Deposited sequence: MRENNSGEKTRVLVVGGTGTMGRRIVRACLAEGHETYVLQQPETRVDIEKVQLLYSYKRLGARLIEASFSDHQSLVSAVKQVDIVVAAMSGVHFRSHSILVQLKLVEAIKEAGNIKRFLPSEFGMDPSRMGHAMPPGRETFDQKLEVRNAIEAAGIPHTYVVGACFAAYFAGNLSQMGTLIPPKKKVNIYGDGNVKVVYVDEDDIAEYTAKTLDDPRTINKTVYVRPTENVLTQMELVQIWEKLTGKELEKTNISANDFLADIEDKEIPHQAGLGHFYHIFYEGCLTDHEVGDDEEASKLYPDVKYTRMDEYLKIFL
């Protein structure tokens, strides 16, 4: 009843935000969603937002250009999660100023969910959070399945190729492919977890640590068709986004440091039966 953590989700109509909204409701949190003036005959945003009320969330109107309305919104919750487009990341600095003036917020989870930026606008938001003394949790370390697994890490499409695939290097660099729904559930589980206050939580579910070639081979075993592979060397991979890609697939930046059980999502929350990539890929068959 009154036991619930009250969470405000900022960016709740986004790809990752909507998942976090639902994950927070499904965890049992009293879930609030920031409603931005953005009606501009955006029928998708509107109906998504109001679909949340049917599930029991509440909407809080505020505007990022109206400092006191952000202050007013965060004063109604205990915890703030932001999941902005990732100019949107730096918009969170206004959010930090409001949390700081509000004084009531117990934890802020900024818009991370990807490459650890501590190896740039995400770092600027971390520094602001830590400067203001706002307790935080940084959720990092995953490749979104929809942008990297469903297309077999090909670019410019979101579904499996039918005949041919580009392999980056030899495709033996380890990558972390995670269904975005699992990222959202780990986020909902960790945001009031005392174990993860002021920590980085790595989302590295063990069985989803895979090379690209391992991901491709999962697909070939599902379809029973060998794809024609073309290996692309680091140098042929001669704008920033291709740079993100190079750090993941050529430098192994998601897997090159081990992580402890006290800081890895699937060990912290072993009850989350995360989606393996053979299961994830079946929907495309």
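- The deposited sequence has C-alpha coordinates everywhere except the stretches 1-5, 92-96, 130-141, 261-270.
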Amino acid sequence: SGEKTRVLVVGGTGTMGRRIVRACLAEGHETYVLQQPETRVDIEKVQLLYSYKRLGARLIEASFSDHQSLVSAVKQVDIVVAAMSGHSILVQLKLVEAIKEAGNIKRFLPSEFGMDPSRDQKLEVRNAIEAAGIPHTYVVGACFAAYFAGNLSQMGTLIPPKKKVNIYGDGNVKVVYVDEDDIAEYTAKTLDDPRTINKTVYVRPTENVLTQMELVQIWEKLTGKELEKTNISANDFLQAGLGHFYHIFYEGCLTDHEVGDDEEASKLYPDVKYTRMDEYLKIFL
From here on, numbers count along this sequence of modelled residues.
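If you superpose the two forms and keep the largest set of C-alpha atoms that fall within 1.5 Å, you have the rigid core.
- Remark: when the other structures in 6 other deposited structures of this protein are fitted onto this one via the rigid core, 32-40 deviates more than the alternative among 254-262 and 32-40, judged by RMS CA distance.
- Here the rigid core sets the fit, and in 6 other deposited structures of this protein the C-alphas of 41-49 stray farther than those of the other stretch, out of 215-223 and 41-49.
- Across the other compared structures of the same protein with both neighbouring residues present, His87 lacks coordinates in at least a third.
- Of the other compared PDB entries of this protein that include residues on both sides, all give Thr230 atoms, none of them, and so not a third, leaving it without.
- Looking at 110-118 and 181-189 together, the entry lists the larger mean B-factor for 110-118, computed on C-alpha atoms.
- Per-stretch averaging of Cα B factors for 160-168 and 203-211 places 160-168 on top.
- When the Cα B-factors of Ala142, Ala146, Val80, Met155 are read from the PDB record, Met155 comes out highest.
- Between the residues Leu254, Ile232, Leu49, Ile218, it is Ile232 that shows the highest Cα B-factor in the PDB record.
- In this PDB entry, the Cα temperature factor of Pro194 sits in the middle third of its chain's modelled residues.
- Among the modelled residues of its chain, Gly133 has a C-alpha B-factor that falls in the middle third according to the deposited record.
- Per the PDB record, residue ranking by Cα B-factor puts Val33 in the lowest third of the chain.
- In this PDB entry, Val176 carries a Cα temperature factor that places it within the lowest third of its chain's modelled residues.
- In the deposited entry, the Cα temperature factor of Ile99 places it in the middle third of its chain's modelled residues.
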